[PDB]
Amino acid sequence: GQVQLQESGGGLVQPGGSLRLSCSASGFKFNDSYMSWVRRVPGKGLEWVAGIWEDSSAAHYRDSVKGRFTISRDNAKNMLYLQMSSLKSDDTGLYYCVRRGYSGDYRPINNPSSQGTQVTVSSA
(Lines of atoms letter the chains of each structure in order from A and count residues from 1; the text may use other names and numbers.)
(Lines give C-alpha, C1' and ligand atoms only; values in the text may rest on other atoms or scores of the structure.)
Protein backbone atom coordinates (compact mmCIF):
# COMPACT_ATOMS: atom_id res chain seq x y z
CA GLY A 1 0.00 0.00 0.00
CA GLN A 2 0.90 3.68 -0.28
CA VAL A 3 0.25 5.95 2.70
CA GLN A 4 0.00 9.65 1.91
CA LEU A 5 -0.46 11.97 4.89
CA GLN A 6 -0.14 15.76 4.60
CA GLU A 7 -0.32 18.16 7.54
CA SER A 8 -0.83 21.93 7.44
CA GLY A 9 -2.13 24.89 9.44
CA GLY A 10 0.87 25.58 11.66
CA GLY A 11 2.91 28.75 11.94
CA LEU A 12 3.92 31.55 14.29
CA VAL A 13 1.38 31.80 17.11
CA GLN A 14 1.38 33.70 20.42
CA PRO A 15 1.10 32.32 23.99
CA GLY A 16 -2.54 31.94 25.02
CA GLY A 17 -3.51 32.07 21.36
CA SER A 18 -5.20 29.49 19.15
CA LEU A 19 -4.47 27.51 15.98
CA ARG A 20 -6.13 24.90 13.74
CA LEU A 21 -4.26 22.00 12.14
CA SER A 22 -5.52 19.78 9.33
CA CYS A 23 -4.46 16.60 7.55
CA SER A 24 -5.52 14.83 4.35
CA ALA A 25 -5.29 11.07 3.84
CA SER A 26 -5.11 8.70 0.87
CA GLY A 27 -3.98 5.22 -0.17
CA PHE A 28 -5.71 3.48 2.72
CA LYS A 29 -9.12 3.28 4.36
CA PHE A 30 -9.44 6.35 6.58
CA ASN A 31 -12.75 5.06 7.93
CA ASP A 32 -11.01 2.00 9.41
CA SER A 33 -8.21 3.81 11.24
CA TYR A 34 -7.77 5.20 14.72
CA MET A 35 -6.19 8.57 13.96
CA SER A 36 -3.71 10.42 16.15
CA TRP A 37 -1.83 13.70 16.30
CA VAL A 38 1.79 13.45 17.46
CA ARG A 39 4.42 16.14 18.02
CA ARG A 40 8.22 16.29 17.92
CA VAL A 41 9.36 18.63 20.69
CA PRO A 42 13.00 19.81 20.42
CA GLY A 43 15.22 18.20 23.06
CA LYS A 44 12.51 15.66 23.92
CA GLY A 45 11.71 13.67 20.80
CA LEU A 46 8.36 12.27 19.73
CA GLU A 47 5.27 12.06 21.92
CA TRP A 48 1.56 11.32 21.51
CA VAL A 49 -0.84 14.24 21.88
CA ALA A 50 -4.38 13.32 20.87
CA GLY A 51 -6.41 10.53 19.28
CA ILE A 52 -9.87 9.74 17.93
CA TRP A 53 -11.81 6.53 17.27
CA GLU A 54 -12.73 5.41 13.74
CA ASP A 55 -16.36 6.38 14.38
CA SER A 56 -15.65 9.37 16.65
CA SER A 57 -17.25 7.50 19.56
CA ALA A 58 -14.23 8.31 21.72
CA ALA A 59 -11.67 11.11 21.81
CA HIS A 60 -8.36 10.84 23.66
CA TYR A 61 -5.72 13.39 24.67
CA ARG A 62 -2.53 13.52 26.73
CA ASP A 63 -2.79 14.98 30.24
CA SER A 64 -0.91 18.17 29.34
CA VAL A 65 -3.46 19.12 26.67
CA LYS A 66 -6.82 17.98 28.07
CA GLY A 67 -9.39 20.78 28.20
CA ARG A 68 -7.29 22.93 25.88
CA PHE A 69 -7.19 20.75 22.76
CA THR A 70 -9.93 19.23 20.60
CA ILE A 71 -9.57 16.58 17.90
CA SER A 72 -12.10 15.79 15.16
CA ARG A 73 -12.46 14.10 11.78
CA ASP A 74 -14.52 13.88 8.58
CA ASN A 75 -14.46 10.43 6.98
CA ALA A 76 -16.23 11.69 3.86
CA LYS A 77 -13.27 13.87 2.90
CA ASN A 78 -10.54 11.82 4.63
CA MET A 79 -9.63 14.79 6.81
CA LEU A 80 -8.24 14.99 10.34
CA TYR A 81 -8.37 18.17 12.42
CA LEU A 82 -6.80 19.52 15.59
CA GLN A 83 -8.18 22.61 17.32
CA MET A 84 -5.62 24.11 19.69
CA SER A 85 -6.38 26.78 22.31
CA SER A 86 -4.56 28.41 25.25
CA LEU A 87 -1.26 27.47 23.61
CA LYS A 88 1.70 27.29 26.00
CA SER A 89 5.40 27.48 25.15
CA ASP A 90 5.53 23.73 25.81
CA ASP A 91 3.20 23.10 22.87
CA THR A 92 5.93 24.20 20.45
CA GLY A 93 6.95 21.40 18.09
CA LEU A 94 6.60 19.64 14.75
CA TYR A 95 3.12 18.11 14.47
CA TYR A 96 2.22 15.00 12.45
CA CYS A 97 -0.88 12.86 12.01
CA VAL A 98 -0.49 9.08 12.13
CA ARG A 99 -2.58 5.91 12.10
CA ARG A 100 -3.25 3.94 15.31
CA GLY A 101 -2.60 5.13 18.86
CA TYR A 102 0.20 4.75 21.39
CA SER A 103 1.78 2.57 24.08
CA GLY A 104 3.22 3.04 27.57
CA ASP A 105 4.06 6.66 28.34
CA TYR A 106 2.51 8.39 25.31
CA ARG A 107 4.92 6.69 22.89
CA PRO A 108 3.29 6.50 19.42
CA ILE A 109 2.88 3.22 17.52
CA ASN A 110 3.48 4.76 14.12
CA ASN A 111 6.56 6.89 13.53
CA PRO A 112 5.73 9.71 11.08
CA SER A 113 6.23 9.46 7.34
CA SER A 114 5.04 12.94 6.38
CA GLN A 115 6.93 16.22 6.73
CA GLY A 116 4.61 17.63 9.39
CA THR A 117 3.64 21.21 10.13
CA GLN A 118 5.61 23.53 12.39
CA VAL A 119 3.96 25.07 15.45
CA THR A 120 5.88 27.85 17.18
CA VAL A 121 4.40 29.44 20.30
CA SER A 122 6.36 32.70 20.40
CA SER A 123 5.79 36.17 21.85
CA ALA A 124 7.00 37.78 18.61
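For every residue, the number given is its place in the sequence shown, counted from 1.
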statement: Stretch with higher mean Cα temperature factor, 58-66 vs 26-34, is 26-34
statement: Ranked by mean Cα B-factor in the entry, 45-53 and 70-78, top stretch is 70-78
query: Where does residue 117 sit by CA temperature factor within its chain: lowest, middle or highest third?
result: lowest
- prompt: Which third of the chain holds residue 39 when residues are ordered by C-alpha B factor: lowest, middle or highest?
  reply: lowest
statement: Split the chain's modelled residues into thirds by Cα B-factor; residue 85 lands in the middle
Chain thirds of CA B-factor: placement of residue 14: lowest
